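See below for the structure under consideration.
Read-outs throughout are calculated quantities, based only on the coordinates presented, and are distinct from any laboratory measurement. When we count neighbours, we look across all protein chains shown, and the Cβ atoms used for this are built from the backbone with ideal geometry, even at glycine.
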Number of protein chains: 2
Amino acid sequence: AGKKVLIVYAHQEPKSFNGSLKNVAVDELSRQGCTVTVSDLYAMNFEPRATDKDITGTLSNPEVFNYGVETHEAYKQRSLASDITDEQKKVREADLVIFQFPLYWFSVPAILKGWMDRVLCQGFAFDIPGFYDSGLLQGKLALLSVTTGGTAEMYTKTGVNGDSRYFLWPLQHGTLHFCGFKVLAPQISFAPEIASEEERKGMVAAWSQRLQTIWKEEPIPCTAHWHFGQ
Amino acid sequence: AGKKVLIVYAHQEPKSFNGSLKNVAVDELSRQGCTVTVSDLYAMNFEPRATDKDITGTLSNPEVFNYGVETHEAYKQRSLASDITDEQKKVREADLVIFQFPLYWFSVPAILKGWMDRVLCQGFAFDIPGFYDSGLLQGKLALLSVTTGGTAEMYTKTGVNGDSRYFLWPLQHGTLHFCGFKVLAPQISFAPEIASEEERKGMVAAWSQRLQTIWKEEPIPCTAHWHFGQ
Ligand SMILES: Cc1cc2nc3c(=O)[nH]c(=O)nc-3n(C[C@H](O)[C@H](O)[C@H](O)COP(=O)(O)OP(=O)(O)OC[C@H]3O[C@@H](n4cnc5c(N)ncnc54)[C@H](O)[C@@H]3O)c2cc1C
Ligand SMILES: Cc1cc2nc3c(=O)[nH]c(=O)nc-3n(C[C@H](O)[C@H](O)[C@H](O)COP(=O)(O)OP(=O)(O)OC[C@H]3O[C@@H](n4cnc5c(N)ncnc54)[C@H](O)[C@@H]3O)c2cc1C
Ligand SMILES: CN1C(=O)c2cc(C(N)=O)nc3c(N)c(Cl)c(N)c1c23
Ligand SMILES: CN1C(=O)c2cc(C(N)=O)nc3c(N)c(Cl)c(N)c1c23
Ligand SMILES: [Zn+2]
Ligand SMILES: [Zn+2]
């Protein structure tokens with residue numbers, strides 16, 4: 001770096017294991033000389049609901065509200081709510097977007113789901129047609145750093161939870177790839193709450209160490225075969 | 001039937017295709033004599049964020065906030081916010097829970113993701129142990145009624161989106177089966193915006209017609225093989 005990174009962070013507690021993973025990511029990428037910005041969604045009280053308040057001024061069809069159409073037209077006419085445009089500018093500038101979050105129901109916490117729903121709008125993140133490899137965020141990298149309650153053994157193809165790759169599909173493929181991102185391999189820190197004080201220190205250190213050489217990684221082939229196949 | 005149904009509905013616009021599918025479900029299950037309740041999350045301005053405002057009493061650990069630990073303890077103590085217990089009463093009474101929503105990033109809209117995050121807490125919907133076939137909502141049925149932008153061709157194993165069942169996994173397996181529901185086959189209404197007025201009417205009618213015999217259906221085998229094959 002010479003590189004800009006955005007960390008989109010979704011945890012309530014600065015003292016949490018997620019808070020420690022976000023802080024070491026800021027510490028290490030800052031040390032390397034990278035430009036670093038963090039969107040701390042709970043501290044921002046980030047609005048998750050997709051509503052007509054996301055368009056300023058007058059609606060494109062006030063009779064029948066269509067969120068997708070309204071947001072697409074508002075984006076083209078620079079008429080989105082400023083909380084959304086502020087995130088868009090951070091994404092537009094970033095070379096890498098890291099998402100740091102605890103797994104909630106095999107997915108992102110709703111506050112982070114709402115960041116994907118509201119910030120990655122038509123006209124900004126993709127066009128129709130104009131998605132997956134034609135997506136408007138091509139050239140950028142993305143990485144999921146997730147923590148779980150379930151153990152690694154529970155997250156195997158024949159464990160109770162299935163392979164972790166099975167829950168990544170909607171986030172890596174349906175969201176990040178659809179927008180044109182190249183996807184770096186996920187960082188999955190399994191079951192930190194029932195690990196010891198060491199162990200948790202270890203996982204934090206492994207993430208710091210990985211970040212040392214993050215710019216030398218190639219992306220995954222974000223395919224059904226990678227997620228589901230043999 | 002002789003049965004109670006809760007419809008958890010996530011669409012901003014009553015005149016929408018989702019709105020029509022929600023209304024026809026209420027119409028047909030009412031006509032059958034069933035007891036029917038709808039949680040219209042956007043009309044309720046349903047809170048999606050998992051925060052410390054969801055607990056009203058003394059926290060177990062006021063120094064380091066852990067949402068899971070504090071909501072489990074608050075469920076037991078009856079100190080959860082009333083919007084969450086209002087939803088829990090609806091679920092507790094229901095024999096079948098239908099989720100009606102447009103697909104957002106291969107998942108539920110954030111407002112609905114927040115209902116899952118905040119309503120299905122430990123102690124209410126599962127315990128550890130007490131999950132998957134031992135989950136606390138055993139005996140209840142759930143059904144996802146989803147609408148998409150992508151066509152059915154795009155949601156096939158060789159199409160750009162992958163098979164439709166791939167995105168269902170975090171919802172049907174990671175959430176509904178984990179809480180002990182038996183899951184009925186999803187209702188997927190593909191690409192209503194693309195379709196003719198006649199084809200849209202046909203999709204609404206197919207859902208109404210299916211609901212006529214819903215109580216005779218068996219659940220799917222909510223397994224990795226059913227979602228992913230081989
Ligand atoms: C609504 C909801 C839904 C969920 N759904 C799922 C799901 O579908 N699947 C699933 O597997 N799990 C699920 N979980 C559990 C959740 O993913 C895990 O609880 C979460 O990932 C744990 O991460 P955390 O940062 O909150 O842990 P924390 O409790 O913050 O940390 C774990 C321990 O690490 C300590 N710590 C903090 N910083 C450091 C450091 N630098 N070094 C060492 N230790 C440190 C803390 O003091 C603590 O003792 C769910 C939880 C909730 C609330
Ligand atoms: C944030 C966001 C993320 C999304 N992510 C994805 C995704 O990952 N994958 C994906 O495939 N799609 C995605 N979509 C597209 C979304 O799933 C579809 O736009 C939504 O499913 C369409 O449903 P609707 O009810 O909003 O449609 P509507 O626009 O209401 O329905 C189309 C038409 O049906 C008409 N209609 C209403 N009622 C009836 C009736 N009774 N009979 C006949 N016609 C009727 C309406 O008047 C309208 O003209 C996304 C959209 C947004 C906004
Ligand atoms: C605390 N906690 C866990 O440890 C854990 C493990 C798993 C799993 N392996 O699927 N899932 C959950 C889940 N859905 C919720 Cl809401 C939760 N609060 C919790 C877990
Ligand atoms: C409007 N719209 C679509 O028709 C459509 C289809 C597909 C898809 N994967 O097939 N995905 C999306 C998507 N992620 C967004 Cl945000 C959206 N606004 C939209 C679609
Ligand atoms: Zn992909
Ligand atoms: Zn299952």
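A few notes on this one:
- Long-range HN-HN contacts of B:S189 with modeled amide H, under 5 Å: B:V146, B:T147, B:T148
- Estimated distance in nm for a label pair at A:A205 and B:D95, the labels positioned 7 Å out from Cα along Cα-to-Cβ: 5.9
- Within the listed set B:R49, B:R200, B:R31, the Gaussian network model of chain B (springs between alpha-carbon atoms below 10 Å) gives the highest mean-square fluctuation for B:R31.
- With the label put 7 angstrom out from Cα along the Cα-to-Cβ vector, B:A205 ends up 6.8 nm from the copy partners, going from closest to farthest.
- GNM top mover of B:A110, B:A25, B:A195 - chain B, alpha-carbon springs below 10 Å: B:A195
- Distances between copies of B:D52, taken at a point 7 Å out from Cα along the Cα→Cβ vector and listed shortest first: 3.6 nm.
- Theoretical ellipticity at 222 nm over chain B - DSSP helices of four or more residues, -39500 (n - 2.57) apiece, nearest 500: -10500 deg cm²/dmol
- Here the Karplus relation 6.51 cos²θ - 1.76 cosθ + 1.60, evaluated at θ = phi - 60°, turns the backbone of segment A:16-33 into coupling constants of 6, 4, 4, x, 5, 5, 5, 5, 6, 6, 4, 4, 6, 5, 5, 4, 6, x Hz, with x for every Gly and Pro.
- Averaged over the residues of B:152-163, the number of partner chain Cβ atoms lying within 10 Å of the residue Cβ comes to 2.
- Using the average count of surrounding beta-carbon atoms within 10 Å as a protection proxy, the listed peptides B:1-9, A:203-211 rank, highest first, as B:1-9, A:203-211.
- Rounded to the nearest whole Hz, the Karplus-based 3J(HN,Hα) values (6.51 cos²θ - 1.76 cosθ + 1.60, θ = phi - 60°) of segment A:111-119 follow the sequence 4, 6, 4, x, 4, 4, 4, 8, 8, with x at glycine and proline.
- Degrees, to the nearest 10: B:67-77 long Cα axis against longest axis of chain B: 70
- Interchain or long-range residues, amide H under 5 Å from A:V38's placed H: A:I7
- Choice from A:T213, A:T151, A:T56 showing the highest fluctuation, given a GNM over chain A with Cα pairs closer than 10 Å: A:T213
- From the alpha carbon centroid of segment A:109-150 to that of segment B:72-110 is 26 Å.
- For B:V64, the label point sits 7 Å beyond Cα toward Cβ; its separations from the matching points on the remaining copies run 5.4 nm, from shortest to longest.
- Among beta bridges identified by DSSP and lying wholly in chain B, the antiparallel ones come to about 10 percent.
- For segment A:132-139, backbone phi angles converted through the Karplus equation (6.51, -1.76, 1.60; θ = phi - 60°) give residue-by-residue couplings of 6, 5, 8, x, 8, 9, 4, x Hz, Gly and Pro being listed as x.
- Point-charge dipole on Cβ atoms (K/R +1, D/E -1) for the protein assembly as shown, about Cα centre, debye to 20: 300
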